[PDB]
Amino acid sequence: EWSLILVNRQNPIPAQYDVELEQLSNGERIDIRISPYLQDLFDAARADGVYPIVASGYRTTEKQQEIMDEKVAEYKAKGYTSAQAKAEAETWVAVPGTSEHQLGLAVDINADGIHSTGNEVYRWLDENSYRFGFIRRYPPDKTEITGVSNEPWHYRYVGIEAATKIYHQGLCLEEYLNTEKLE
């Protein structure tokens, strides 16, 4: 099922994955399939006086490389050999060909800052996103399963049916998929 595709270190994007991108007002791009769900989400947040942005939508391989390299540079500057920096940067940034952002199913949502702080948007999304098919992909209690640190901006479209189950079930996507495969 298309919305449940697993992309992680162990599950790279399939060769020749087709994606039709819609362009948002801010120039970011998303899978046309998630557009009205994301639109509903933003509509709802604003109706609650919460004002989010799409910081990052679709990213190309090259784009994913540059974010990753910038992340590595940051850790080198904090006293990491480049070998240490790579491994450490990879807990924040997926190596190219393993970011969900390469599907067009992930958005990194932030506050517009002026009407809302990061924390208010992050809270709101955590409690609400599932109603619109989006999950908090990388919660702090599952970093030992996802391989990724607490990333309160990164929301993954999986669809309403699945997001609600995952949210109630209190699980990460890997667990949910693993538990679906078992039964």
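Start at 1 with the first residue shown and count on from there.
102-110 set against 89-97, stretch whose average Cα temperature factor tops the other in the entry: Per the PDB entry, the higher value belongs to 89-97.
Between the two ranges 11-19 and 158-166, the one averaging a larger CA B factor in the entry: The recorded data point to 11-19.
Pick out which of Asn119, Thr60, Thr146, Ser129 has the highest C-alpha B-factor in the PDB entry. It is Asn119.
Per the entry's Cα B factor values, which of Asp141, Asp31, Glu28, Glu66 stands out as the maximum? Each of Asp141, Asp31, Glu28, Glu66 was compared by C-alpha B-factor; the highest is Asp141.
Would you check the entry's CA temperature factor for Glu151 and let me know if it's in the chain's lowest, middle or highest third? For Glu151, whose C-alpha B-factor we compare with every modelled residue in the chain, the answer is the middle third.
If you rank every modelled residue in this chain by C-alpha B factor, which third holds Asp40: lowest, middle or highest? Its C-alpha B-factor, which the entry lists for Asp40, ranks in the middle third among residues of this chain.
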